[PDB]
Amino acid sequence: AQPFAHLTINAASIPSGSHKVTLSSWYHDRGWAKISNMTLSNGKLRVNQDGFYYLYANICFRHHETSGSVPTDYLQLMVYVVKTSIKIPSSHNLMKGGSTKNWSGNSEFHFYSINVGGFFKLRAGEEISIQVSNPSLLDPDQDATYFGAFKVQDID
């Protein structure tokens, strides 16, 4: 039936840096993770069926004093949903979300989630990927960090 995907983060895809990076490991076969009529290729969600899709992502970041220090008090926690063309490899942000945070001292725990959503016209061959800042602060739970898409209607 109509294409779709709901992907949960695989805790492998997370270095120990602050640099913005493409998340490359997502489950598509366990818990809430599912996919149909679309292809997952190392963090790249390829469209197989032309259409107007509703796209979305939810990203939680967290930090507990107990787990150690971090280079700085002030973080830029951002999420970018990117479209890339297998044909014309031009790459652009479909959506952006996030917040600057002062997780400064004398607080045992800090947490913050970001969500984005939107309706976009997609062509088979096009790929959707997720980039985030501070990926070492990501919350690994499946109810926490995910992204997905579902076709609403055909190209018109």
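Start at 1 and count along the sequence shown; that's the residue number. By rigid core we mean the largest C-alpha set that fits within 1.5 Å across both forms.
Core-fitted comparison in 6 other deposited structures of this protein shows that, between 62-70 and 120-128, the CA atoms farther from the shown form belong to 62-70.
In a rigid core superposition of the other structures in 6 other deposited structures of this protein, 12-20 and 134-142 differ in how far their CA atoms stray, and the farther one is 12-20. The mean C-alpha temperature factor is higher for 104-112 when 104-112 and 90-98 are set side by side. Here the stretch with the larger average CA B-factor, out of 118-126 and 22-30, is 22-30.
Between the residues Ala144, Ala11, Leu137, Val132, it is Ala11 that shows the highest Cα B-factor in the PDB record. Annotation for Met38: CA B-factor lies in the highest third of the chain's modelled residues. Compared with the other modelled residues of the chain, the Cα B-factor recorded for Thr66 ranks in the middle third. When all modelled residues of the chain are sorted by CA temperature factor, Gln76 is found within the lowest third.
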